[PDB]
Structure formats: C-alpha cells, structure tokens
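Residue numbers (our numbering), protein chains in the order written: chain P, 1 to 119; chain C, 1001 to 1135; chain E, 2001 to 2099; chain L, 3001 to 3087; chain Z, 4001 to 4050; chain A, 5001 to 5060; chain F, 6001 to 6206.
Heads up, the beta-carbon is just placed ideally off N, CA and C, and yes, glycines get one too.
Worksheet for the structure shown next.
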Amino acid sequence: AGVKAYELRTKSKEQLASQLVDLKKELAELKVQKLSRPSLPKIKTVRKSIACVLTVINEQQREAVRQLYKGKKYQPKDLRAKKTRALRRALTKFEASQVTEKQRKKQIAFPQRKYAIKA
Amino acid sequence: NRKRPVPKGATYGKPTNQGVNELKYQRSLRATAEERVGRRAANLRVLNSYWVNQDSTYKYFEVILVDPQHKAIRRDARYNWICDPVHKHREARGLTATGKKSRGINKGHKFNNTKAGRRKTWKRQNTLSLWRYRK
Amino acid sequence: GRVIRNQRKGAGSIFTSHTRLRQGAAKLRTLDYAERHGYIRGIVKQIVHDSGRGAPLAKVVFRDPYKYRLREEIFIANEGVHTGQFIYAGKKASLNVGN
Amino acid sequence: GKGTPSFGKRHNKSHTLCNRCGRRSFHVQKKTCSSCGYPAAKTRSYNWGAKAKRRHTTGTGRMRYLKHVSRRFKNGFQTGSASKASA
Amino acid sequence: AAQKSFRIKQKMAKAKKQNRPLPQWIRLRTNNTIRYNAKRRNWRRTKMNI
Amino acid sequence: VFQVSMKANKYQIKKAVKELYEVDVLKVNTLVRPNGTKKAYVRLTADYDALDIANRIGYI
Amino acid sequence: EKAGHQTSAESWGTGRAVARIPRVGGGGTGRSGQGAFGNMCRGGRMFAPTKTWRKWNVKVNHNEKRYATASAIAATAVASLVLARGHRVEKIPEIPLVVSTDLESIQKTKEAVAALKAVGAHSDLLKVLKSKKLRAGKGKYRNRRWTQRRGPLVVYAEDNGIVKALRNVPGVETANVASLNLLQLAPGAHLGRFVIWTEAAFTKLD
RNA sequence: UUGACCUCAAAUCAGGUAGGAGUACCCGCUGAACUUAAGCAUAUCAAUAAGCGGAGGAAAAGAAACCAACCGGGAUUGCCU
RNA sequence: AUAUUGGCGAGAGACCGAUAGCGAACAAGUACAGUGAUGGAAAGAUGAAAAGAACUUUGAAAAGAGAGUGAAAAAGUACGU
RNA sequence: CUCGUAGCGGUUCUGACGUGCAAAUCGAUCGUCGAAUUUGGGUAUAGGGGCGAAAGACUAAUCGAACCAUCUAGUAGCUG
RNA sequence: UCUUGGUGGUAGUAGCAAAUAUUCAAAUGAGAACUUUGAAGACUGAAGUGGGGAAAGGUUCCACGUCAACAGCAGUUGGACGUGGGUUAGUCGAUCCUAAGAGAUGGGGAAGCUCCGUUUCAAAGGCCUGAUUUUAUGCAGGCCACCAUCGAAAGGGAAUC
RNA sequence: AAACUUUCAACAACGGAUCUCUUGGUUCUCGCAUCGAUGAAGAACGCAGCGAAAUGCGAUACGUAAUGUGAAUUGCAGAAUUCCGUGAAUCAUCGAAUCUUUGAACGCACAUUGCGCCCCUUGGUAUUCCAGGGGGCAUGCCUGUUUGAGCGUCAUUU
Ligand SMILES: [Mg+2]
Ligand SMILES: [Mg+2]
Ligand SMILES: [Mg+2]
Ligand SMILES: [Mg+2]
Ligand SMILES: [Mg+2]
Ligand SMILES: [Mg+2]
Ligand SMILES: [Mg+2]
Ligand SMILES: [Mg+2]
Ligand SMILES: [Mg+2]
Ligand SMILES: [Mg+2]
Ligand SMILES: [Mg+2]
Ligand SMILES: [Mg+2]
Ligand SMILES: [Mg+2]
Ligand SMILES: [Mg+2]
Ligand SMILES: [Mg+2]
Ligand SMILES: [Mg+2]
Ligand SMILES: [Mg+2]
Ligand SMILES: [Mg+2]
Ligand SMILES: [Mg+2]
Ligand SMILES: [Mg+2]
Ligand SMILES: [Mg+2]
Ligand SMILES: [Mg+2]
Ligand SMILES: [Mg+2]
Ligand SMILES: [Mg+2]
Ligand SMILES: [Mg+2]
Ligand SMILES: [Mg+2]
Ligand SMILES: [Mg+2]
Ligand SMILES: [Mg+2]
Ligand SMILES: [Mg+2]
Ligand SMILES: [Mg+2]
Ligand SMILES: [Mg+2]
Ligand SMILES: [Mg+2]
Ligand SMILES: [Mg+2]
Ligand SMILES: [Mg+2]
Ligand SMILES: [Mg+2]
Ligand SMILES: [Mg+2]
Ligand SMILES: [Mg+2]
Ligand SMILES: [Mg+2]
Ligand SMILES: [Mg+2]
Ligand SMILES: [Mg+2]
Ligand SMILES: [Mg+2]
Ligand SMILES: [Mg+2]
Ligand SMILES: [Mg+2]
Ligand SMILES: [Mg+2]
Ligand SMILES: [Mg+2]
Ligand SMILES: [Mg+2]
Ligand SMILES: [Mg+2]
Ligand SMILES: [Mg+2]
Ligand SMILES: [Mg+2]
Ligand SMILES: [Mg+2]
Ligand SMILES: [Mg+2]
Ligand SMILES: [Mg+2]
Ligand SMILES: [Mg+2]
Ligand SMILES: [Mg+2]
Ligand SMILES: [Mg+2]
Ligand SMILES: [Mg+2]
Ligand SMILES: [Mg+2]
Ligand SMILES: [Mg+2]
Ligand SMILES: [Mg+2]
Ligand SMILES: [Mg+2]
Ligand SMILES: [Mg+2]
Ligand SMILES: [Mg+2]
Ligand SMILES: [Mg+2]
Ligand SMILES: [Mg+2]
Ligand SMILES: [Mg+2]
Ligand SMILES: [Mg+2]
Ligand SMILES: [Mg+2]
Ligand SMILES: [Mg+2]
Ligand SMILES: [Mg+2]
Ligand SMILES: [Mg+2]
Ligand SMILES: [Mg+2]
C-alpha cells in the first residue's frame, strides 16, 4: 500500500532517516526477486514510499530554514518567491506609490471631488 | 561618413544605389555614443548625453546613466519612472533627446512624415480600410 | 571577370612563407649600453644553414649584462667567420670581419 | 570517375553532433553548428527560414517550465498551501 | 569504429533498445489504432546518421 | 556480477559492495554494456565465497 | 494565405520529358518530384484564393428598407398570402388577428401557448414541431443540424414577460412594433407571415 | 614619520543587475532586386523583402518653438472626411 | 480611444470535408533524403457490442470446407459503401 | 637515366557493354614507375569568391559561375 | 508531353551468360541443384578468395526458435525474422604534449550580427619558506619577466608478458 | 466446330472512386498579459510489473507533496481492511518539493562523459598523497566595504 505522508510528518529527523534506509533495503531485496519472478508490482509501492519519505524530510528541512531566516532581510534565493523575473524586477508597492511632497500637497489640496449634475 | 561595407566596395544594384563613400548614417554620433555605453552598462538606463570635446577623428560625449535598482532611484518619485520596464534601452529605441531629434519627432507641418513614427504613418497611409457597408 | 593570381596573393592563404624549418629571425643584438659606449664579446658556436635562405646563419652567444645567463643571438654569417671565433659588437670595437 | 568511384572515398565527416541542438550539424573544422549556430550565444534563426523557425520554436519541445506559467498566472501567483483536510 | 566516443556509444545503445517490434498487448487496448512500429530501423536498410 | 550506476567509479563500487554485503573486494572490472548500462565484475578476496553470498543476496 | 505555398518547388523546365509545372525538389519522401503550386496540382493553391475583403454586408437605402417593411406588414393582412406562405390560418375568424394587451404580461410558457391556441394559432403551432427534419447536407455538421417551419409572429408594445414566455415555443417569434424585422415578416422573401398583434401593438402602428 | 584629498585599481568582498527566448503587433538602424515605364539609366517596385539592435500588454506619440490668418482654434492617438 | 497571421482563454461561420481543409484529422515537421543549410510525405471509417470464428475435417503448413457468432461475414482485423 | 612489376594514369581497339555489373565499368593493348612520385590523417583558402604546371578546368554525379531558403504566383507582344 | 493515385498491352517477353566446377552418398525435412556431415574433384596460390587492423558501420558478433516478407531460381539456410547472451585494462589506446593551424582576454574597429589580433601600448603572478609550537604553516623573508585554451586513436609519450 | 479475339450481363477479382460521416483545419469576433542568471526556450539520455512511439516525468523519474472529488485502473497481471474512508483513481485541481547531463550556461575545456583550484568533512598511520560526501570558483556594470597604487597632490613632522 505504502507510507502515508501525514504519518511521516509526525516523526523526527532520525526516525525518518532510518525509515528511508529500511525502505532502500526493501527496494534492493525486491529488485533481486524481480529477476526470478515474471511480474513484481510491489516495486511500485516501495518506490513511491521512498519518494514520500524523501519529500517529508525535505519539507522538514526547508521549514527549519524558514524559521531560521524568519523575518529578516536576505532569505536564500530558493526560499524567495518565484513569481516571474519581470514580476520581481518590479518597483514594489511602496516605491511605485511614492509621491514627491510637491505632488502630495496638490493631491491633498485638490483631490477629485464627488459630484452629480442634478441640482 | 558611414562607409557602406559591401565587400570590395562593390554595387550589384542599380547605379542609383552605386554610392559607397558618401553614405551618411541617419542616427547621429551622439546616438552611437549612448548605444555603445548602454551596451557596456546594461544594468543602467541612459538618461541623456552631451558633447564634451572633439578633434579630427573623434567626437567626445559624456553620457548620464541612472541605476534603476538603486534605492535612491527606486524611491524618490521624481526619478523612478526610469525603473519601469518600458524604458529598457531607450537609446536603442531612440527615445533619448538625440533619438527623438533624429527620428523627426516634432510637432508641426515640417514633420508630416515623422510625428508618430514615419513607418507607422506609412503603414496607416498605405492601408486600404474597408468597412462592412462599403463606403 | 575573375580575380587574378597577383591579387589573390595578398589574402595570404596558400601564399605564405614555409617557415617551419627556419632557425629564427636573423637580427642584430639589441642596442644597449654595452654596444653604445664600449663593446661586448660574443662567441660563434654554430654556423648553421637557414631553410629557404642562401646564406649561412652564425649562432653567436653573448653574456647578459644585467642577469647571469647567456643570450644567444642569431646572426647572418659573414664570409670568413668561423666557429669558435670571438665576435665584438659595440662602438669601441675593432675592425675585423664579423665585428 | 566523378560519379560512382568518387563516391567510394566518402568516409570522413564534416559535421558531428552539436551539443546545443543534437543535430549532426557541428562542423568539426569550423567548430560551429550549421543549424543552431553554437557556440554563439544567439540561436541561429532566419526570417527566410519560416519552416526552419517552425521546427525548433517554443512548443516543439517539452516546455518544462512555460507549460506551468499560465496556471500560476491564473491563480495570481499564489504562495502557500490550500486550507482544509478532506471531504 | 571500435574506438568510439561515449556520446556515440550512448546513442548506439539507445538505438538497440528501440530496435524491437510493437508489444502485442498494446494492440489489444481500448480504441487502439497502432498496428506496428512505424519507427523501426535496420542497419541494413537505413543508416542512422550518427 | 552487478549492474551499477553509470556515475559510479571503481571506488564507489568497491565501497558500496563492502558495506552492503559485508565482504572485501580484491578487484573491480567494469564495462559499459551495449544497452547503456554499467556492468561490474566484482571479485571477492579468498576469505569469502561468492556462491554463499549469492544465496545470501537471494539469486540462485 | 500560405496554403499551397509552404513548399520550395521550382520547375524542372523542358528536357526532362515531363510538363513544366513546378515540381518538389529533394529525395526520399514521395513528395519529391511531385507537381506543386498550380490550381490543378494536388496540394497546390486554389485558383483565386478567397479573401476576407469580399463584400459580405450589403447596403440598402433606409427608405427602401422601410418600403419593404411597410409592404410586408400590409401583406400580413388579408389571408390569401398568409395561406400561400404556409401558415395554417383557415379556421382563424379574421386577419389581422388582434388579441388583448393582457398577452404582453403572460410570464409562463404554459399560459402562453394556451392563449395562442385559444385564438386559433394551434394548427400553425402544430405545423412546427411536426416539421423538424434533419438538414439535407454538409450544413448539419456546421451547427445547423435541424430545420423546421416558421410559426406565428407575436407583436407587442411592452415586454412584461411575453418574450420569455414565448421563447421556448418552437416557431413562435416575437417583435416590438418599434422594430418589426423584415426577416421575420417575410421569411424567405415570402410575404404574409401569420402575425398575432396585441391591442397596444396594433394601436401603436399608427 | 603621519593624517587626509584626487585619480586609478584589486578581491570567490556585501547586495544586486545584463545576456538568451519569443517576436503577430511596436521603436529604430540597414537595405535590395525581380516588376512597371510596352526598350531603359531618373523614376517605380520601395523609404518594401531580406539583415541587425531594443521593448510592452500594448508600444510609440503626447500637453505646442502647433494649426491658422478666423468672430480664430488648442496635448497625443485613431475612424469618417 | 489605436495595432495585434505570436501566447493563453473563449464564442462563432451561407467556410473545407480526407487528392479538400494547415505540410500534418492518424506516434507530423513524423517516417525518410541530404555533408549541411534545408527539404518532407503517405496514412481516417469492422461491428450496437469482439460477439475477432469454439469445435470437426482435409492439408506439412498458410489455408480450405463445414460448423458457429452476428441483423448482416454481399461487415472476417486484406474489415462501411 | 632506362627495361619492367606493385602502384599511379588513361593511348588505341573508335573492342565488350550501351533499358549496363557500372549515371564512366569491363577486357586487351598502352604511358610512367625513386621522384616536379603516389598516398592516409590533420589543417588553410568559399561563390562573382576560392583554386588553377591554364582545360573556362575543379570547387559533394551541380560550374562560361556551386548549393539552400526567401523576395516570387518575378515578367512573358510566345506555346499548350 | 496537366496534377495525384490506380491500371493495361508489350509479356510469361527481354532476360537472370564476367570472376575455370562441380559430383556421389547419407542425415534433417512436407519439400534438397543450393542445408549439414562424409567422400571426391577443383581454385585463391603468401602484393591470397589467408590472419589482423584504420575510417565508416553499429550489434551485423554468438546461441535458441523460425521461414510470411527479403537473399532478382530455390531455401530446412542466412548479415533476414522473433527471443536472448555478449565487449572486464595501473601496463593497449583516449586522456597529456606540441605541429600546420584554430582561438578567448587587454585593446582597437564596426550601426550591428560581430571583425582584427594572440603578445600585443594591460597595474595580466605563483614558487618554495631553511624547515614545524604565537602558525588554519606565514602577519616575513627569499625567488621567478613568461602571459589563455583548443589542435594527432599514424607524430612525441612511464610501465605486461 | 473449337481455341483465339471483340462486345454485353451476372458472379468473382484488382483498385479505392462515390455516398454518408468527422475529437481536424480555416476564417471572423471577444477577453486576458504571464518567459529567463530563483537558470528559460531548445537538446540529449533515462524513467512503467509487462511500452517501441505519442503523452507524462527526472535517480523522489508515465511521478512525490498538498487540496478537491468520492471507489476506481483495465490489454493482461497484481493489488484491492482502504471502500460509512485523512480515502481508490493513467481522476481533477495545484500554492509544497524534486527537477539527471545540458543549454543564454557561468571554475577551464568539450569530436573528451577530459582537467583544475578553494572550504567543510569521512576513510586510508596524512596540512601536503589517494578516495568518498557536501558547498563553491564566469564576464560586464552599479552602489557600498576593505586592501592598495601614483612626488597627481595637501597639510604635517627630531
Ligand atoms: Mg560613394
Ligand atoms: Mg460598416
Ligand atoms: Mg564534378
Ligand atoms: Mg562517375
Ligand atoms: Mg545534420
Ligand atoms: Mg531570435
Ligand atoms: Mg562523450
Ligand atoms: Mg565498457
Ligand atoms: Mg574498460
Ligand atoms: Mg491545401
Ligand atoms: Mg449530398
Ligand atoms: Mg559577492
Ligand atoms: Mg512595427
Ligand atoms: Mg518603427
Ligand atoms: Mg505601375
Ligand atoms: Mg518596362
Ligand atoms: Mg520603355
Ligand atoms: Mg529588358
Ligand atoms: Mg522610394
Ligand atoms: Mg524586416
Ligand atoms: Mg512580456
Ligand atoms: Mg489599450
Ligand atoms: Mg509610453
Ligand atoms: Mg509648456
Ligand atoms: Mg490638436
Ligand atoms: Mg495569435
Ligand atoms: Mg473519399
Ligand atoms: Mg491533406
Ligand atoms: Mg545525411
Ligand atoms: Mg475506408
Ligand atoms: Mg451496443
Ligand atoms: Mg473458413
Ligand atoms: Mg447489409
Ligand atoms: Mg464467415
Ligand atoms: Mg457488399
Ligand atoms: Mg456491408
Ligand atoms: Mg625516367
Ligand atoms: Mg621509361
Ligand atoms: Mg605498372
Ligand atoms: Mg581519352
Ligand atoms: Mg567502345
Ligand atoms: Mg540490372
Ligand atoms: Mg624506370
Ligand atoms: Mg593504395
Ligand atoms: Mg570576383
Ligand atoms: Mg576556350
Ligand atoms: Mg543552385
Ligand atoms: Mg513562375
Ligand atoms: Mg501518372
Ligand atoms: Mg506495365
Ligand atoms: Mg526467356
Ligand atoms: Mg541459357
Ligand atoms: Mg590461375
Ligand atoms: Mg592453383
Ligand atoms: Mg540458426
Ligand atoms: Mg528468391
Ligand atoms: Mg520462397
Ligand atoms: Mg552470423
Ligand atoms: Mg536478432
Ligand atoms: Mg601506454
Ligand atoms: Mg595545455
Ligand atoms: Mg590538447
Ligand atoms: Mg617526429
Ligand atoms: Mg481490395
Ligand atoms: Mg467514382
Ligand atoms: Mg468567421
Ligand atoms: Mg514512481
Ligand atoms: Mg489524495
Ligand atoms: Mg491518481
Ligand atoms: Mg581531444
Ligand atoms: Mg589539457
């Protein structure tokens, strides 16, 4: 059937690392039996179990780094957002809305009034 | 003058198109200056240029360039227009002052070919515009 | 209407000098303080043959004035110059063949 | 002897495989690819070669990364994860 | 050429593993139109051009 | 006789065979097969017996 | 625009014992040596390729448009042309068939077809939905799968539900008096559509 | 001795940024010939195709060194004329 | 406001209907040709469902002749007409 | 230098063949055979250009101007 | 002398005649001029029709099964078809070196694609310290003047019979 | 009189026309703006219990995570307590990852699976040799840091 990921989030780093080793033994041992048998579909289950454990280990490791660079400048570049190269060249929301104080005075003095041609 | 390369200086067109030596290069020497500086400094945007010297062989220009990634330009609202991507390499697209001069972009009856580009105008005035109910 | 052989020689493709076997550039010793105010003594060690040249080359060996090492200049050999001959280059030198 | 017995002496190679396009167009003496123009930075394309632009343009291969941009655009370039657990 | 590059042997290795007929169970699949391997190559009939 | 990664040299074959199968290797001869796979002839030292170890892996 | 031209063919000329049409160059594909570019050649361009700048929409004088609309409304009077154009209206009491303005505020399709049958448009209604036939050519797979007849046109002055209540009914078309489509009044350029007028519609026609 | 200044360097220094793609449309540069003129050199094709450089969702242009000569209009763009 | 034979998402048609329509309805820029730039195809349709012909017999076999299946085998994978 | 093999060429039969074995071969007869020889690999020269002990020869069966794509459905008082 | 596809007559015709040459028996098989074995006759005749290799090919090598198509007759055979097996290096090559040459950098030209140049008009740099307790061996002396890189499976080259 | 040749018909051939179909093309319209040094487009090689392609993916390899749906996939085979469930599935969606060798491609090179150098670390008695694991080392330019050069140059010094 295979390992379930929600179980593997609950284990620690040393529990998951040893589980990967035992899974790699089971893949190796089944790869031997596949040379005698004509069809061994259990390869697929152990192989996706390895991919599941290796995934959960990496999500534990990347979340440790996110707590390491938590709320400072200069995250690592793969922990930065991957919008679009143009979308991160991109004058930010603060910088695009910058207004010189000569323009800030005019915008406060004479904003667009709300009005209607009725009366 | 621009020397037309055309190896051994040879035509192979009409004799109207037979000149090699006397071709004059529609963009100015100030434009070549900014284009060559903008290639060396592609992290910057060329803003303007100005003559500083000349001799028998060279004209000398000083080119003003602006860093669109420095935060003293990305803030300070008087200058962060240069940080928008429409202004990537203005000097190659001819959007500098010497580019707009040599493109002919000026108001008036003297610039009827070149007001919104001579090529755009030529496309407009050579288009057969047909309507649904033919006029 | 085709480019002639005398024009094609300037492109220098198959018309270059066959210069593999040549012994070097046959030049004089570079003009320095030794050859401008006194002299310097050389020694012929070989009268060799230069490929493509009808004149023999004399390999004349001098001492470097400023560093302890030997500098081998390549001369065109003068008729009468032999191996083992001391050769004098400079201003104060004596008139002998090969000086 | 210009036809058939001259065809016997064809056992050399002018081009081998290009590293950039894998095409047997890398001229081994000129050190250049005849189709993609490697090692030059720009990729060899010509507007008189409209069929030749068609053979190698965007869409002809896998598009490992552009085949996902439209979905990421449509969702507004989300960051994070979906909320709930199950049905 | 008995002293190959690895890049030649790697493409030579790929061509041998492609040098098989169609698997017979593929012709039994639902809505299947594949009758045969249309990309079959022989050393005798078509040179594969490096 | 093993099938190994194409990226594995004769040191990484010898190191892996030693700590997976608790043997000692006398020699490794390696060839890349005409299907593009790498085949390792791993000969053990005389203290071990490759017939017993073949049953201990599971094949024959 | 590039149909029949995505081919680099040139003529072999004379001397080759075959006609001088451009033949495809190359070798080893079957296409090689085949004639190209002609209207008579397989794969070639057609003669005089059709353009989008052919005249599609045609201009009619506004008064000649209105001339035809007035003569079409006049033809939806006395019943000879209404019988002639189909339109089972023998058992109608009188033409023009004017019904009350209360039809304009019927909002249910059940109540709408009750009213049209009660004023005698039942046989015209059953003439449609017994004439549903499959189209007789390639147009049935150009989203034109089914053909049927035209039914009674219902003309109103105010929409207060009659358009939506008569929307699903096969063959029954609706119209404001302010518009009065000629494609509805004389379908097929055949004068005499069966028209049911509401009373507000009929007064407004002055 | 020492401390600046100016100019110029170096670093696997701290942070960044440029290249390539695509290119229908857009801004430039460069630039033909077939063709027509019942020949053809001006001309025309054509300030076009091909070639090169640079952008964006539009671009460019744009708030007058304008049009006018009227009782004057009023940035730019595009449609009808 | 304007352009948009590219991309993404739609909705249409008095368009074409497998020698047509894109070169390509199909593992198509594929198979293949060329040193290379480049060139460049052919090729859709059993049946409502494989029900794709068990079994017998003749033959070394392919297969035939029966038998069957099927509405139809004047639909037998060489398959609508 | 010579006779003459291997080799490298190609005189004559105007031989065979001439829908060939072959889009240049086959056979006999021949030139020359220690150098201005013959030859593999590497390398350089690219189209109005190269290269040419020079024949407008050769430059992938293409040469008094290669090949590929585009302009281009180039134009035709001419033939179907 | 249209285009694409299909089909005829010619016509069971022309032809399948270079490289001296085949023959007997048995075996296998449905079937043997052609397969296998034995016997015999012959030939290439060491500048070979013999043993290896270079380029090129790419699995054609080898085994088993098989004969619809292919081997211009045949076919039980096969370089065909189906399924597999097979290529082991410190010493053989590549890798390294330079050759003719190719080619970056500094720099100059060119509107530009890019061109020139390979030591130039550049501030172009690593090498050992004698030998170790304040040494991640330098925070030191001291030395060196050249200046990328690619280029040979026939040249140069560490070592296996 | 046959045979032969010719004509027509039937049945059988050859061939794939005709008719009918159509997950394709073509043209028009409407809406949107989103590639890449955070490594794109393109390429190569590989990956499935049995796949040569197309499609998908990258040694976590016709996929992992997550979320939604709610019991399949299937040509076989296998599994199907999991099936009133954190739950089938070649499902949909997709925000988390992985993403070989490349490629603008970036230590040097590339007709090579060729060769360096640095840091951390492991083993072989090892700072130096050999190997394994991890992480690096391109160019231009900008800002800043630090270390510097120049009798360019200013003060200041027994
Ligand atoms: Mg001139
Ligand atoms: Mg209109
Ligand atoms: Mg020739
Ligand atoms: Mg010939
Ligand atoms: Mg090629
Ligand atoms: Mg491009
Ligand atoms: Mg390789
Ligand atoms: Mg090997
Ligand atoms: Mg080996
Ligand atoms: Mg067509
Ligand atoms: Mg019809
Ligand atoms: Mg840094
Ligand atoms: Mg434009
Ligand atoms: Mg423009
Ligand atoms: Mg005209
Ligand atoms: Mg004319
Ligand atoms: Mg004239
Ligand atoms: Mg003329
Ligand atoms: Mg003009
Ligand atoms: Mg153009
Ligand atoms: Mg964009
Ligand atoms: Mg807009
Ligand atoms: Mg703008
Ligand atoms: Mg003003
Ligand atoms: Mg105005
Ligand atoms: Mg489009
Ligand atoms: Mg048909
Ligand atoms: Mg077609
Ligand atoms: Mg080829
Ligand atoms: Mg059919
Ligand atoms: Mg059914
Ligand atoms: Mg039967
Ligand atoms: Mg029937
Ligand atoms: Mg039957
Ligand atoms: Mg029938
Ligand atoms: Mg039938
Ligand atoms: Mg002689
Ligand atoms: Mg003689
Ligand atoms: Mg001889
Ligand atoms: Mg002759
Ligand atoms: Mg003759
Ligand atoms: Mg023949
Ligand atoms: Mg002699
Ligand atoms: Mg020889
Ligand atoms: Mg010339
Ligand atoms: Mg002559
Ligand atoms: Mg040509
Ligand atoms: Mg023509
Ligand atoms: Mg024909
Ligand atoms: Mg015939
Ligand atoms: Mg005969
Ligand atoms: Mg005979
Ligand atoms: Mg003999
Ligand atoms: Mg003999
Ligand atoms: Mg056998
Ligand atoms: Mg035969
Ligand atoms: Mg046979
Ligand atoms: Mg064999
Ligand atoms: Mg086989
Ligand atoms: Mg050796
Ligand atoms: Mg080197
Ligand atoms: Mg080397
Ligand atoms: Mg030597
Ligand atoms: Mg048939
Ligand atoms: Mg027909
Ligand atoms: Mg349309
Ligand atoms: Mg998997
Ligand atoms: Mg799930
Ligand atoms: Mg699933
Ligand atoms: Mg090499
Ligand atoms: Mg090296």
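Cβ of residue i within 9 Å of any chain L Cβ
| i | result |
| --- | --- |
| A96/P | no |
| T84/P | yes |
| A81/P | yes |
| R4007/Z | yes |
| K4014/Z | no |
Beta-bridge pairing of residue i - partner residues as DSSP gives them
| i | result |
| --- | --- |
| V2061/E | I2043/E and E2072/E |
| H3027/L | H3015/L and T3032/L |
| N5029/A | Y5041/A |
| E6173/F | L6153/F |
| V2048/E | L2057/E |
Residue i Cβ short of 8 Å to ligand 23 heavy atom set
| i | result |
| --- | --- |
| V6060/F | no |
Cβ of residue i within 9 Å of any chain P Cβ
| i | result |
| --- | --- |
| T3058/L | no |
| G5058/A | yes |
| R1078/C | yes |
Residue i Cβ short of 8 Å to ligand 7 heavy atom set
| i | result |
| --- | --- |
| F4006/Z | yes |
Residue i: CB within 8 Å of a non-hydrogen atom of ligand 29
| i | result |
| --- | --- |
| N3012/L | no |
Residue i at chain Z interface by Cβ criterion, 9 Å
| i | result |
| --- | --- |
| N5029/A | no |
| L3066/L | no |
| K3013/L | yes |
Residue i at chain C interface by Cβ criterion, 9 Å
| i | result |
| --- | --- |
| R89/P | yes |
Could you please go through the chain and list the residues whose beta-carbon is closer than 5 Å to any non-hydrogen atom of ligand 4? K3002/L, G3003/L and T3004/L
Runs of 3 residues minimum, wholly inside the region 6123-6159 of chain F: which ones carry the beta strand (DSSP E) assignment? Within the region 6123-6159 of chain F, the complete beta strand (DSSP E) runs of at least 3 residues are 6153-6156.
What are the start and end residues of each continuous beta strand (DSSP E) run of 3 or more residues lying completely inside the region 1047-1117 of chain C, in chain order? 1059-1066
What ranges does the alpha helix (DSSP H) occupy inside the region 6062-6114 of chain F, keeping only unbroken runs of at least 4 residues that lie completely in it? You should have 6062-6075 and 6080-6084.
Start-end ranges of the alpha helix (DSSP H) lying completely within the region 51-111 of chain P, minimum 4 residues: 85-89, 93-96 and 101-109
Mind listing which residues have their beta carbon within less than 7 Å of any non-hydrogen atom of ligand 45? Chain order is fine. In chain order, the hits are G2001/E, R2002/E and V2003/E.
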